[PDB]
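The file structure-v3.cif comes next; it holds mmCIF, C-alpha atoms and all ligand atoms.
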data_query
#
loop_
_atom_site.group_PDB
_atom_site.id
_atom_site.type_symbol
_atom_site.label_atom_id
_atom_site.label_comp_id
_atom_site.auth_asym_id
_atom_site.auth_seq_id
_atom_site.Cartn_x
_atom_site.Cartn_y
_atom_site.Cartn_z
ATOM 1 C CA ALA A 1 -17.380 121.817 -22.688
ATOM 2 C CA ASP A 2 -14.729 123.788 -20.762
ATOM 3 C CA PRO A 3 -11.668 122.389 -18.994
ATOM 4 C CA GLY A 4 -10.416 123.813 -15.718
ATOM 5 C CA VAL A 5 -9.104 120.966 -13.626
ATOM 6 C CA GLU A 6 -9.070 121.536 -9.865
ATOM 7 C CA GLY A 7 -7.316 118.257 -9.230
ATOM 8 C CA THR A 8 -3.728 117.058 -9.995
ATOM 9 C CA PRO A 9 -0.796 117.314 -7.466
ATOM 10 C CA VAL A 10 -0.415 121.030 -8.168
ATOM 11 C CA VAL A 11 -2.332 122.078 -5.018
ATOM 12 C CA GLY A 12 -2.619 121.092 -1.348
ATOM 13 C CA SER A 13 0.221 118.556 -1.059
ATOM 14 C CA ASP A 14 0.841 118.789 2.736
ATOM 15 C CA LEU A 15 -2.845 118.870 3.799
ATOM 16 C CA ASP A 16 -6.222 117.131 3.361
ATOM 17 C CA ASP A 17 -7.602 117.431 -0.215
ATOM 18 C CA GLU A 18 -10.433 116.706 -2.648
ATOM 19 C CA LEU A 19 -8.702 116.174 -6.044
ATOM 20 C CA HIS A 20 -10.858 115.390 -9.061
ATOM 21 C CA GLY A 21 -8.691 114.554 -12.078
ATOM 22 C CA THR A 22 -9.008 114.749 -15.845
ATOM 23 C CA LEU A 23 -10.429 112.175 -18.230
ATOM 24 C CA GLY A 24 -6.881 111.522 -19.475
ATOM 25 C CA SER A 25 -3.710 109.881 -18.132
ATOM 26 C CA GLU A 26 -2.240 111.545 -15.030
ATOM 27 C CA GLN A 27 0.206 111.126 -12.181
ATOM 28 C CA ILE A 28 -1.598 111.824 -8.905
ATOM 29 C CA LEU A 29 0.276 112.295 -5.621
ATOM 30 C CA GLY A 30 -1.659 112.930 -2.388
ATOM 31 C CA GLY A 31 1.145 114.079 -0.126
ATOM 32 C CA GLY A 32 0.262 114.803 3.493
ATOM 33 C CA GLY A 33 -3.216 114.677 4.937
ATOM 34 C CA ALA A 34 -6.119 112.241 4.440
ATOM 35 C CA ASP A 35 -6.781 112.955 0.799
ATOM 36 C CA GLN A 36 -9.726 112.117 -1.389
ATOM 37 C CA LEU A 37 -8.190 111.333 -4.776
ATOM 38 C CA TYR A 38 -10.209 110.615 -7.926
ATOM 39 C CA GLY A 39 -8.342 109.522 -11.059
ATOM 40 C CA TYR A 40 -11.434 108.930 -13.291
ATOM 41 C CA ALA A 41 -10.799 107.961 -16.964
ATOM 42 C CA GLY A 42 -7.330 107.360 -18.431
ATOM 43 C CA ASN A 43 -4.448 105.125 -17.351
ATOM 44 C CA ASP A 44 -3.461 106.879 -14.142
ATOM 45 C CA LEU A 45 -0.618 106.595 -11.662
ATOM 46 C CA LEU A 46 -1.561 107.130 -7.995
ATOM 47 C CA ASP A 47 0.393 107.741 -4.768
ATOM 48 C CA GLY A 48 -1.259 108.548 -1.437
ATOM 49 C CA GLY A 49 1.615 109.799 0.733
ATOM 50 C CA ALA A 50 1.274 110.339 4.476
ATOM 51 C CA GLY A 51 -2.142 109.594 6.032
ATOM 52 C CA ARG A 52 -4.980 107.173 5.337
ATOM 53 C CA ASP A 53 -6.044 108.175 1.867
ATOM 54 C CA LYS A 54 -9.296 107.455 0.077
ATOM 55 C CA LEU A 55 -8.766 106.918 -3.654
ATOM 56 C CA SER A 56 -10.424 105.940 -6.907
ATOM 57 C CA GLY A 57 -8.630 104.795 -9.994
ATOM 58 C CA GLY A 58 -11.616 105.069 -12.311
ATOM 59 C CA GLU A 59 -11.718 103.769 -15.856
ATOM 60 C CA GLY A 60 -8.443 102.771 -17.493
ATOM 61 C CA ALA A 61 -5.608 100.524 -16.314
ATOM 62 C CA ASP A 62 -4.314 102.250 -13.193
ATOM 63 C CA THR A 63 -1.086 101.949 -11.231
ATOM 64 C CA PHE A 64 -1.435 102.433 -7.468
ATOM 65 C CA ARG A 65 2.307 102.840 -6.874
ATOM 66 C CA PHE A 66 2.402 104.545 -3.464
ATOM 67 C CA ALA A 67 5.164 106.904 -2.288
ATOM 68 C CA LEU A 68 7.655 105.239 0.113
ATOM 69 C CA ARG A 69 7.963 102.401 2.693
ATOM 70 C CA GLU A 70 6.094 104.973 4.809
ATOM 71 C CA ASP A 71 2.956 104.781 2.599
ATOM 72 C CA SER A 72 0.088 102.254 2.654
ATOM 73 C CA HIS A 73 1.718 100.313 5.472
ATOM 74 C CA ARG A 74 1.144 99.290 9.071
ATOM 75 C CA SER A 75 3.607 99.939 11.881
ATOM 76 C CA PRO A 76 3.603 99.225 15.642
ATOM 77 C CA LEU A 77 2.178 102.744 16.097
ATOM 78 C CA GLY A 78 -0.877 101.954 14.015
ATOM 79 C CA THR A 79 -2.056 101.359 10.460
ATOM 80 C CA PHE A 80 -1.661 103.765 7.541
ATOM 81 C CA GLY A 81 -2.997 101.361 4.917
ATOM 82 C CA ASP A 82 -4.856 103.264 2.172
ATOM 83 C CA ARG A 83 -8.490 102.828 1.146
ATOM 84 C CA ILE A 84 -9.134 102.135 -2.513
ATOM 85 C CA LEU A 85 -12.700 102.723 -3.677
ATOM 86 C CA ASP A 86 -12.948 100.985 -7.097
ATOM 87 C CA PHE A 87 -9.872 98.815 -7.736
ATOM 88 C CA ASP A 88 -10.293 96.630 -10.829
ATOM 89 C CA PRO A 89 -8.339 93.439 -10.064
ATOM 90 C CA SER A 90 -8.176 92.471 -13.779
ATOM 91 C CA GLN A 91 -7.085 95.738 -15.358
ATOM 92 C CA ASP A 92 -5.343 97.737 -12.620
ATOM 93 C CA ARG A 93 -2.129 96.995 -10.705
ATOM 94 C CA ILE A 94 -0.672 97.878 -7.273
ATOM 95 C CA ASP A 95 3.093 98.261 -6.839
ATOM 96 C CA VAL A 96 4.711 97.016 -3.659
ATOM 97 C CA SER A 97 8.311 96.093 -4.510
ATOM 98 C CA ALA A 98 10.079 99.274 -3.402
ATOM 99 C CA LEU A 99 7.843 99.801 -0.332
ATOM 100 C CA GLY A 100 6.621 96.468 1.038
ATOM 101 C CA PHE A 101 8.019 93.154 -0.272
ATOM 102 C CA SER A 102 9.329 91.347 -3.377
ATOM 103 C CA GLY A 103 8.402 87.756 -2.469
ATOM 104 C CA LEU A 104 4.699 87.087 -2.009
ATOM 105 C CA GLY A 105 3.531 85.390 1.198
ATOM 106 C CA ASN A 106 0.798 82.954 2.174
ATOM 107 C CA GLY A 107 -2.184 82.642 -0.150
ATOM 108 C CA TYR A 108 -3.797 80.342 -2.745
ATOM 109 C CA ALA A 109 -5.081 80.455 -6.342
ATOM 110 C CA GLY A 110 -2.194 82.792 -7.265
ATOM 111 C CA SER A 111 -3.075 85.307 -4.518
ATOM 112 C CA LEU A 112 -2.348 86.618 -1.025
ATOM 113 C CA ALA A 113 -4.825 85.708 1.695
ATOM 114 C CA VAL A 114 -7.729 88.202 1.842
ATOM 115 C CA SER A 115 -9.767 89.465 4.790
ATOM 116 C CA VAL A 116 -13.121 91.168 5.450
ATOM 117 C CA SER A 117 -14.319 93.576 8.165
ATOM 118 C CA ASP A 118 -17.620 91.800 8.819
ATOM 119 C CA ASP A 119 -20.760 91.012 6.777
ATOM 120 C CA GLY A 120 -20.312 94.471 5.265
ATOM 121 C CA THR A 121 -17.951 97.460 5.419
ATOM 122 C CA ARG A 122 -14.484 97.226 3.818
ATOM 123 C CA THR A 123 -12.415 94.257 2.704
ATOM 124 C CA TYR A 124 -8.662 94.021 3.114
ATOM 125 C CA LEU A 125 -5.608 92.537 1.435
ATOM 126 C CA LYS A 126 -2.547 91.798 3.538
ATOM 127 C CA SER A 127 1.062 90.917 2.959
ATOM 128 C CA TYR A 128 2.453 88.456 5.501
ATOM 129 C CA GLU A 129 5.980 89.767 5.118
ATOM 130 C CA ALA A 130 7.107 92.437 7.580
ATOM 131 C CA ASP A 131 10.284 94.300 8.590
ATOM 132 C CA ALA A 132 11.996 93.212 11.821
ATOM 133 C CA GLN A 133 10.762 96.623 13.076
ATOM 134 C CA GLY A 134 7.125 95.522 12.592
ATOM 135 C CA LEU A 135 6.552 97.507 9.401
ATOM 136 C CA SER A 136 4.158 95.426 7.267
ATOM 137 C CA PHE A 137 1.957 96.011 4.210
ATOM 138 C CA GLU A 138 -1.872 96.018 4.211
ATOM 139 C CA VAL A 139 -4.413 97.922 2.122
ATOM 140 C CA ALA A 140 -8.175 98.332 2.465
ATOM 141 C CA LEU A 141 -10.653 98.080 -0.408
ATOM 142 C CA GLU A 142 -14.383 98.968 -0.218
ATOM 143 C CA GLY A 143 -15.436 97.624 -3.591
ATOM 144 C CA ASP A 144 -15.776 94.178 -1.935
ATOM 145 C CA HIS A 145 -14.080 92.177 -4.686
ATOM 146 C CA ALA A 146 -11.856 90.263 -2.302
ATOM 147 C CA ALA A 147 -13.278 87.205 -4.076
ATOM 148 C CA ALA A 148 -11.526 88.285 -7.330
ATOM 149 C CA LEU A 149 -8.197 89.540 -5.967
ATOM 150 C CA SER A 150 -4.994 87.906 -7.120
ATOM 151 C CA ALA A 151 -1.251 88.524 -6.628
ATOM 152 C CA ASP A 152 -1.063 88.761 -10.410
ATOM 153 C CA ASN A 153 -2.172 92.415 -10.191
ATOM 154 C CA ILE A 154 0.263 92.979 -7.316
ATOM 155 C CA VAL A 155 3.374 94.088 -9.146
ATOM 156 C CA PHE A 156 6.612 93.065 -7.514
ATOM 157 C CA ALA A 157 8.096 91.460 -10.669
ATOM 158 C CA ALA A 158 9.376 94.855 -11.982
ATOM 159 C CA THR A 159 6.453 94.984 -14.463
ATOM 160 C CA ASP A 160 7.965 92.069 -16.444
ATOM 161 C CA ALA A 161 5.304 89.808 -17.968
ATOM 162 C CA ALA A 162 7.594 86.923 -19.090
ATOM 163 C CA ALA A 163 6.341 84.798 -16.158
ATOM 164 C CA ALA A 164 3.040 84.535 -14.198
ATOM 165 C CA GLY A 165 -0.333 83.129 -15.303
ATOM 166 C CA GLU A 166 0.344 79.823 -13.554
ATOM 167 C CA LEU A 167 -3.079 78.549 -12.392
ATOM 168 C CA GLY A 168 -4.355 75.040 -11.635
ATOM 169 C CA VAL A 169 -7.969 75.872 -10.768
ATOM 170 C CA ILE A 170 -9.193 73.821 -13.754
ATOM 171 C CA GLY A 171 -10.686 70.412 -12.935
ATOM 172 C CA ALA A 172 -13.817 68.328 -12.440
ATOM 173 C CA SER A 173 -14.783 65.461 -10.111
ATOM 174 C CA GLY A 174 -18.036 64.147 -8.614
ATOM 175 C CA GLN A 175 -19.847 61.571 -6.462
ATOM 176 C CA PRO A 176 -23.239 60.920 -8.090
ATOM 177 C CA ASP A 177 -26.272 59.414 -6.325
ATOM 178 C CA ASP A 178 -28.973 57.169 -7.829
ATOM 179 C CA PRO A 179 -32.329 57.515 -5.998
ATOM 180 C CA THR A 180 -35.435 55.540 -7.012
ATOM 181 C CA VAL A 181 -38.047 57.063 -4.671
HETATM 182 CA CA CA B 201 -2.666 116.447 0.360
HETATM 183 CA CA CA B 202 -2.102 111.679 1.866
HETATM 184 CA CA CA B 203 -7.323 110.553 -15.190
HETATM 185 CA CA CA B 204 -1.371 106.897 2.353
HETATM 186 CA CA CA B 205 -8.045 105.849 -14.322
HETATM 187 CA CA CA B 206 -9.230 101.187 -13.182
#

Any chance you could give the structure as structure tokens?
Amino acid sequence: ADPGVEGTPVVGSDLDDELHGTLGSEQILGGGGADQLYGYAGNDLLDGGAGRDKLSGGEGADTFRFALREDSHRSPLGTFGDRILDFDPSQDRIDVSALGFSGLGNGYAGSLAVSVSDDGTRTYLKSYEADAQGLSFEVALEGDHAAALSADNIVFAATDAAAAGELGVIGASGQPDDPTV
């Protein structure tokens, strides 16, 4: 075995990249260009920067923090929402407080309302808060686990875990039939 990492933010910040990271914890920043970022194993921190970025968190509890208000957002000019390949909605988290919103919008089961492209292709998650300038937050996911997304893994509560976990999904009811045929 021989290390010699070609990834990490050390190279290609302002232009399109292919960064393959280590099997340990890292801070990954894409910078400019449509980057292909791969965090792999370890608890990683990931920012995309300018452009529509394609990114994997990999194994470990990852933090998709993003750079500024100008990252993973939509504006009247067009969308710049990033494209996450393998987000784990149980283990990983996505920050949005400094860049998008602090109060979650419309949604149910402790979530934000999800969207799909069609029968296939990517799924999306949207925030329904926007700036008066039309700067809103949306992000695309191609793992198609929209059915498991929750606002619990969307971190706007300053990473404080004193609250949350409030669910009322539990329950049972029925209308039984009694045929004799
Ligand atoms: Ca780059
Ligand atoms: Ca980028
Ligand atoms: Ca890593
Ligand atoms: Ca980006
Ligand atoms: Ca990882
Ligand atoms: Ca992960």

Practice item. Would you mind listing the residues within 12 Å of ligand CA 206 (chain B), counting all atoms listed in the file, as a PyMOL selection string? Key: chain A and resi 25+38-46+55-64+84-94+143+153

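All residues of protein, DNA or RNA that reach within 12 Å of residue 165 in chain A, judged by all atoms listed in the file and not counting those fewer than 5 positions away in the chain, are residues 109, 110, 111, 150, 151, 152 and 153 of chain A.
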
Store the residues of this selection in a file with C-alpha atoms, as a JSON list (two decimals), in the coordinates of the input.
[["chain", "number", "residue", "atom", "x", "y", "z"],
["A", 109, "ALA", "CA", -5.08, 80.46, -6.34],
["A", 110, "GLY", "CA", -2.19, 82.79, -7.26],
["A", 111, "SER", "CA", -3.08, 85.31, -4.52],
["A", 150, "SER", "CA", -4.99, 87.91, -7.12],
["A", 151, "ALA", "CA", -1.25, 88.52, -6.63],
["A", 152, "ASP", "CA", -1.06, 88.76, -10.41],
["A", 153, "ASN", "CA", -2.17, 92.42, -10.19]]

Practice item. Select the residues contacting ligand CA 204 (chain B) at a distance of at most 6 Å, based on only C-alpha atoms and all ligand atoms, then format the selection as a ChimeraX atom specification. Key: /A:48-53,71-72,82

Review point. Quick one, how far is CA of residue 114 in chain A from CA of residue 78 in chain A?
Key: 19.6 Å

Review point. What is the distance between CA of residue 13 in chain A and CA of residue 159 in chain A, in Å to one decimal?
Key: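 CA of residue 13 in chain A sits 27.8 Å away from CA of residue 159 in chain A.
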
Once you add 6 Å to each side, what are the centre and edge lengths of the axis-aligned box holding all listed atoms of range 42-60 of chain A? One decimal in Å, as JSON, if you can.
{"center_x": -5.1, "center_y": 106.6, "center_z": -6.2, "size_x": 25.3, "size_y": 19.6, "size_z": 36.5}

Point to revise | Separation of CA of residue 17 in chain A from CA of residue 36 in chain A in Å | key: 5.8 Å

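Evaluated on this file, the PyMOL selection byres (((chain A and resi 119-132) around 9) and not hetatm) matches residues 83, 100, 101, 103, 104, 105, 106, 112, 113, 114, 115, 116, 117, 118, 133, 134, 135, 136, 137, 138, 139, 140, 141, 142, 143, 144, 145, 146 and 149 of chain A.
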
Practice item. Please give me, as a ChimeraX atom specification, the residues lying within 8 Å of ligand CA 201 (chain B) when counting all atoms listed in the file. Key: /A:11-17,29-35,49

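Among A:108, A:70, A:77, A:176, the residue with the shortest atom-to-atom distance to residue 148 in chain A, counting all atoms listed in the file, is A:108.
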
Study note, to complete from the structure: Of A:23, A:18, A:166, A:1, the one nearest to ligand CA 203 (chain B) when counting only C-alpha atoms and all ligand atoms is A:23
